[PDB]
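Source file: start-v7.cif (mmCIF, N, CA and C atoms)
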```cif
data_model
loop_
_atom_site.label_atom_id
_atom_site.label_comp_id
_atom_site.auth_asym_id
_atom_site.auth_seq_id
_atom_site.Cartn_x
_atom_site.Cartn_y
_atom_site.Cartn_z
N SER R 52 95.52 88.68 116.04
CA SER R 52 94.64 89.34 115.09
C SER R 52 94.56 90.83 115.38
N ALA R 53 94.09 91.19 116.56
CA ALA R 53 94.11 92.57 117.00
C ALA R 53 94.53 92.74 118.45
N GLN R 54 94.75 91.65 119.19
CA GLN R 54 95.03 91.75 120.61
C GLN R 54 96.40 92.34 120.91
N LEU R 55 97.34 92.21 119.99
CA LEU R 55 98.65 92.85 120.10
C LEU R 55 98.79 94.05 119.18
N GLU R 56 97.74 94.39 118.44
CA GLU R 56 97.73 95.54 117.54
C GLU R 56 96.99 96.74 118.10
N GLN R 57 95.86 96.51 118.78
CA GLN R 57 95.17 97.60 119.47
C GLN R 57 96.01 98.16 120.61
N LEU R 58 96.86 97.32 121.21
CA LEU R 58 97.82 97.80 122.21
C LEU R 58 98.82 98.75 121.59
N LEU R 59 99.30 98.45 120.37
CA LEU R 59 100.19 99.37 119.68
C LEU R 59 99.48 100.66 119.29
N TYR R 60 98.20 100.55 118.91
CA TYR R 60 97.37 101.72 118.61
C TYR R 60 97.27 102.65 119.82
N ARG R 61 96.88 102.09 120.96
CA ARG R 61 96.78 102.86 122.20
C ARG R 61 98.14 103.38 122.65
N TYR R 62 99.21 102.62 122.41
CA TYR R 62 100.55 103.02 122.82
C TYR R 62 101.04 104.22 122.03
N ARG R 63 100.76 104.25 120.72
CA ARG R 63 101.06 105.42 119.92
C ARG R 63 100.14 106.59 120.27
N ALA R 64 98.87 106.31 120.58
CA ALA R 64 97.93 107.37 120.94
C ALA R 64 98.21 107.98 122.31
N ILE R 65 98.93 107.28 123.18
CA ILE R 65 99.35 107.84 124.46
C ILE R 65 100.67 108.57 124.27
N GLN R 66 101.56 108.00 123.44
CA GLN R 66 102.85 108.64 123.22
C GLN R 66 102.80 109.77 122.18
N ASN R 67 101.63 110.32 121.86
CA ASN R 67 101.57 111.55 121.09
C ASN R 67 101.77 112.78 121.95
N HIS R 68 101.60 112.66 123.27
CA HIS R 68 101.84 113.79 124.16
C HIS R 68 103.34 114.07 124.37
N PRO R 69 104.22 113.09 124.80
CA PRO R 69 105.64 113.47 124.96
C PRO R 69 106.37 113.72 123.64
N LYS R 70 106.32 112.75 122.71
CA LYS R 70 106.69 112.83 121.29
C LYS R 70 108.21 112.93 121.06
N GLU R 71 109.01 113.12 122.11
CA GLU R 71 110.46 113.15 121.96
C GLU R 71 111.21 112.33 122.99
N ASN R 72 110.59 111.98 124.12
CA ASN R 72 111.26 111.12 125.08
C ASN R 72 111.33 109.67 124.63
N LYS R 73 110.48 109.27 123.68
CA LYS R 73 110.37 107.89 123.23
C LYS R 73 110.91 107.81 121.81
N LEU R 74 112.10 107.25 121.64
CA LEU R 74 112.70 107.14 120.32
C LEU R 74 112.18 105.95 119.53
N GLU R 75 111.44 105.05 120.17
CA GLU R 75 110.98 103.82 119.52
C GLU R 75 109.72 104.01 118.69
N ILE R 76 109.24 105.24 118.52
CA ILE R 76 108.03 105.49 117.74
C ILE R 76 108.25 105.16 116.27
N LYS R 77 109.47 105.36 115.77
CA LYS R 77 109.75 105.23 114.34
C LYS R 77 109.69 103.78 113.88
N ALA R 78 110.18 102.84 114.69
CA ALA R 78 110.10 101.43 114.32
C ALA R 78 108.66 100.92 114.37
N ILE R 79 107.87 101.44 115.31
CA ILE R 79 106.45 101.10 115.39
C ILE R 79 105.71 101.63 114.16
N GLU R 80 106.05 102.84 113.73
CA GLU R 80 105.45 103.40 112.51
C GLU R 80 105.91 102.66 111.26
N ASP R 81 107.15 102.15 111.26
CA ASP R 81 107.62 101.32 110.16
C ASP R 81 106.83 100.02 110.08
N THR R 82 106.51 99.44 111.23
CA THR R 82 105.64 98.27 111.23
C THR R 82 104.20 98.61 110.84
N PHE R 83 103.72 99.82 111.14
CA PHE R 83 102.42 100.24 110.59
C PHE R 83 102.47 100.34 109.07
N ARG R 84 103.58 100.85 108.54
CA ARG R 84 103.78 100.88 107.09
C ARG R 84 103.82 99.48 106.50
N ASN R 85 104.46 98.55 107.22
CA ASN R 85 104.52 97.16 106.78
C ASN R 85 103.13 96.52 106.77
N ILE R 86 102.33 96.81 107.79
CA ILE R 86 100.97 96.27 107.88
C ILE R 86 100.09 96.84 106.77
N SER R 87 100.20 98.15 106.51
CA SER R 87 99.43 98.77 105.43
C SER R 87 99.86 98.25 104.06
N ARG R 88 101.16 98.02 103.88
CA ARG R 88 101.66 97.51 102.61
C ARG R 88 101.21 96.07 102.37
N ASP R 89 101.31 95.22 103.40
CA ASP R 89 100.84 93.85 103.31
C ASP R 89 99.33 93.79 103.08
N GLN R 90 98.59 94.72 103.69
CA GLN R 90 97.15 94.76 103.50
C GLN R 90 96.79 95.17 102.08
N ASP R 91 97.52 96.13 101.51
CA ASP R 91 97.25 96.55 100.14
C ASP R 91 97.63 95.45 99.15
N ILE R 92 98.74 94.75 99.42
CA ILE R 92 99.14 93.60 98.61
C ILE R 92 98.09 92.50 98.66
N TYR R 93 97.53 92.23 99.84
CA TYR R 93 96.50 91.20 99.96
C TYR R 93 95.21 91.62 99.27
N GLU R 94 94.87 92.91 99.31
CA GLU R 94 93.66 93.36 98.64
C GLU R 94 93.80 93.28 97.13
N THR R 95 94.97 93.62 96.60
CA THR R 95 95.22 93.44 95.17
C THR R 95 95.23 91.96 94.79
N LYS R 96 95.80 91.11 95.65
CA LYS R 96 95.82 89.68 95.35
C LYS R 96 94.45 89.04 95.49
N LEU R 97 93.58 89.59 96.34
CA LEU R 97 92.22 89.09 96.43
C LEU R 97 91.38 89.60 95.27
N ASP R 98 91.71 90.77 94.73
CA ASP R 98 91.06 91.23 93.51
C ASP R 98 91.46 90.38 92.32
N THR R 99 92.73 89.98 92.24
CA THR R 99 93.16 89.10 91.16
C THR R 99 92.70 87.66 91.36
N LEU R 100 92.60 87.20 92.61
CA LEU R 100 92.27 85.81 92.90
C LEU R 100 90.81 85.52 92.56
N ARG R 101 89.94 86.51 92.73
CA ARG R 101 88.56 86.35 92.32
C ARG R 101 88.39 86.48 90.81
N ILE X 388 101.03 105.53 105.65
CA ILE X 388 100.12 104.91 106.60
C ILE X 388 98.68 105.30 106.27
N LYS X 389 97.91 104.34 105.75
CA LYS X 389 96.49 104.54 105.51
C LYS X 389 95.70 104.18 106.76
N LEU X 390 94.38 104.19 106.66
CA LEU X 390 93.55 104.00 107.84
C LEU X 390 92.63 102.80 107.75
N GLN X 391 91.93 102.62 106.62
CA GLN X 391 91.09 101.44 106.46
C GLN X 391 91.88 100.21 106.04
N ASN X 392 93.12 100.40 105.59
CA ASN X 392 94.05 99.30 105.35
C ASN X 392 94.92 99.02 106.58
N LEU X 393 94.46 99.46 107.75
CA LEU X 393 95.18 99.25 109.00
C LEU X 393 94.30 98.74 110.14
N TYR X 394 92.99 98.97 110.11
CA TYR X 394 92.11 98.31 111.08
C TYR X 394 91.70 96.92 110.61
N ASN X 395 91.41 96.78 109.32
CA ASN X 395 91.12 95.47 108.73
C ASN X 395 92.44 94.71 108.65
N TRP X 396 92.67 93.83 109.62
CA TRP X 396 93.93 93.11 109.71
C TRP X 396 93.75 91.78 110.43
N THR X 397 94.14 90.70 109.77
CA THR X 397 94.19 89.37 110.36
C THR X 397 95.64 88.90 110.36
N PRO X 398 95.96 87.72 110.90
CA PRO X 398 97.18 87.04 110.48
C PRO X 398 96.99 86.17 109.25
N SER X 399 95.76 86.08 108.74
CA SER X 399 95.46 85.33 107.53
C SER X 399 95.74 86.12 106.26
N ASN X 400 96.20 87.36 106.38
CA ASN X 400 96.52 88.16 105.21
C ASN X 400 97.89 88.82 105.28
N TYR X 401 98.66 88.59 106.35
CA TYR X 401 100.04 89.03 106.42
C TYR X 401 100.89 88.38 105.33
N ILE X 402 100.64 87.11 105.05
CA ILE X 402 101.36 86.42 103.98
C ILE X 402 100.85 86.86 102.61
#
```
Using structure tokens, write down the structure that the file contains.
Amino acid sequence: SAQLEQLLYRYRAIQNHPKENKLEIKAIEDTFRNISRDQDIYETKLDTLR
Amino acid sequence: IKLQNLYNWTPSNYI
């Protein structure tokens, strides 16, 4: 639910200082985009479902 | 990347 997501939050919030030694930031941000997109899809579907 | 559509998150809404 959030136990593996708050870790990603803190991991991005710690890796804002180096910002170039870690190339894996982009895939993590793509998964943030996926989570935001799925959340918006679910909110529209909950608006239609009611 | 939004903000309130990113803290409100379950596995019950990924599908």
Using only N, CA and C atoms, I'd like a table of the residues in chain X that come within 5 Å of chain R; for each, show the closest atom pair and its distance in Å rounded to one decimal, ordered by chain and ascending number, as JSON lines.
```
{"residue": "X:392", "atom": "C", "partner": "R:87", "partner_atom": "CA", "distance": 4.7}
{"residue": "X:397", "atom": "CA", "partner": "R:52", "partner_atom": "CA", "distance": 4.8}
{"residue": "X:398", "atom": "N", "partner": "R:52", "partner_atom": "CA", "distance": 4.7}
```
Can you measure atom C of residue X:399 to atom C of residue R:100 for me? One decimal in Å is fine. 14.6 Å
Residue list (alpha helix (DSSP H), DSSP) for chain X, as a compact mmCIF listing (two decimals) with N, CA and C atoms, in the coordinates of the input:
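See selection15.txt below for the written result:
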```txt
# COMPACT_ATOMS: atom_id res chain seq x y z
N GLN X 391 91.93 102.62 106.62
CA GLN X 391 91.09 101.44 106.46
C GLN X 391 91.88 100.21 106.04
N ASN X 392 93.12 100.40 105.59
CA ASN X 392 94.05 99.30 105.35
C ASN X 392 94.92 99.02 106.58
N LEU X 393 94.46 99.46 107.75
CA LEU X 393 95.18 99.25 109.00
C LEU X 393 94.30 98.74 110.14
N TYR X 394 92.99 98.97 110.11
CA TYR X 394 92.11 98.31 111.08
C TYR X 394 91.70 96.92 110.61
```
Kindly compute an axis-aligned box around the listed atoms of stretch 388-399 of chain X, allowing 5 Å on each side, and express its centre and edge lengths in Å to one decimal as AutoDock Vina command-line options.
```
--center_x 96.1 --center_y 95.4 --center_z 108.2 --size_x 19.9 --size_y 30.2 --size_z 15.7
```
Suppose you want the space between atom N of residue R:62 and atom CA of residue X:400; what is it in Å? 22.6 Å
For atom CA of residue R:101 and atom C of residue X:390, the interatomic separation in Å (one decimal): 22.9 Å
